[PDB]
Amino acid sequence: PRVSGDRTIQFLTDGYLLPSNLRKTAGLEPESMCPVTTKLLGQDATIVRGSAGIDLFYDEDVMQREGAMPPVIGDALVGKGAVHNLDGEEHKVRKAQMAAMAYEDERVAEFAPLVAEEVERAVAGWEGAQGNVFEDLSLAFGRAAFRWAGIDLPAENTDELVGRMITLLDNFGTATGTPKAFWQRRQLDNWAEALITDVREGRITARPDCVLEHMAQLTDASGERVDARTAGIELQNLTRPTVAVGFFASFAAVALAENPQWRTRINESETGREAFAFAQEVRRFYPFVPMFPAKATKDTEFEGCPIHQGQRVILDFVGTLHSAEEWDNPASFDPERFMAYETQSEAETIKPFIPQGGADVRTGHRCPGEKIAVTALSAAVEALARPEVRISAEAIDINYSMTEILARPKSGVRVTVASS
């Protein structure tokens, strides 16, 4: 199945609708698991979804990531030289050091009380006042992430830096926004490089064993220190994605407005199980990652479709999370799907549940921050569910576009907390 011509421009016009539009234009039936091939950025790109597509995408014998993400997105979103761009043993060494920070249960346990405290502070700010879920909980997540990582700055400086991260996250995916995103990336990289250099030179003392110390000690496969700007880029890759949970928190507020019986169950629970299941089904249901790219390292073949060395293979995330072959009633928002699961580690066993990537965290490129992200999102769900939180139901607060990346309600979701 092929779609003719170069469809690069259609990525910007279609956003999250791009993969299902191309499968339709190719003549596939709805719910087909067949790959579809088009041209993007002057080369072939084959779009795959579902369990077999996951197995292909994460097969590092045939897939590489260097050069897969277009720089206009990647250099703004994750920065130059980031772990996302690495392959092979160098990738494994860098990823081990980053997963040691984000993915270890004891470090997650350190994050949990910090994010609960910052969420509670944001929500207290809504009392008798006009709050904004996206802006205020993204800020709360960023404050928690800096405290968690051992980045110790005056409150005004932290808020300003977290604000730059929000501006970057809110703008990197559009034609109008990309100059703003690249401006913020420049300032943040200068800031993080200066901080790493200050730690390495002894001008700033980092808490022993904190994330900041470990990023200052970041080394490559030969044992040599990574340069200071790259280390600062990796420090941002362990703090900015926590800020980005604000997108899921905005959707969670929408979902709580739309699912008042689940909201009641969360408020009446003693266990946190409903809030966890609700947070997971927010990550399954709402659009965040549209798709993600890799490049073939050698000629190969996938379900009768030839895959040429150097072409892109694009895993369609929305189409996997919403595949009727992989899920029962995928268009239904239903936290019961996850009520039998107790931890994020257990949720990893669900093969098509890939909101932050698939396969294995330490041996592949899968996100190492899902435990942090579910911790932050669950804290948000529990605080947003409380009955004194009044979530706006106006159209600009509830609806979101599928044709712009990233997606969120235009207003950010307006909220207030009832007060006496």
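Quick note: we count residues from 1 along the sequence shown, nothing fancier.
### Message
Highest mean C-alpha temperature factor of the two stretches 283-291 and 186-194, which is it?
### Response
Higher mean C-alpha B-factor: 186-194.
### Message
Test of understanding: from the entry's C-alpha B-factors, which stretch has the higher mean, 353-361 or 41-49?
### Response
Per the deposited B-factors, the answer is 41-49.
### Query
When the CA B-factors of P241, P208, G246, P335 are compared as recorded in the entry, which is the largest?
Highest C-alpha B-factor among the listed residues goes to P208.
### Message
Just the C-alpha B-factor column, please: which of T320, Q236, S250, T176 has the biggest number?
### Response
Each of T320, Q236, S250, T176 was compared by C-alpha B-factor; the highest is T176.
### Task
Comparing against every modelled residue in the chain, figure out the third that the C-alpha B-factor of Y400 lands in (lowest, middle or highest).
Answer is middle: the recorded C-alpha B-factor places it there.
### Task
Classify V381 as lowest, middle or highest third according to the C-alpha B-factor given in the PDB entry, relative to its own chain.
As the PDB entry reports it, the C-alpha B-factor of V381 lands in the lowest third of its chain.
### Query
How does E118 rank on Cα B-factor within its chain, lowest, middle or highest third?
As the PDB entry reports it, the C-alpha B-factor of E118 lands in the lowest third of its chain.
### Task
Would you mind checking where the Cα B-factor of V389 ranks among the modelled residues of its chain, as the lowest, middle or highest third?
Within its chain, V389 is a lowest-third residue by C-alpha B-factor, going by the deposited values.
### Task
Divide the modelled residues of the chain into thirds by Cα B-factor and specify which third, lowest, middle or highest, holds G142.
Within its chain, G142 is a middle-third residue by C-alpha B-factor, going by the deposited values.
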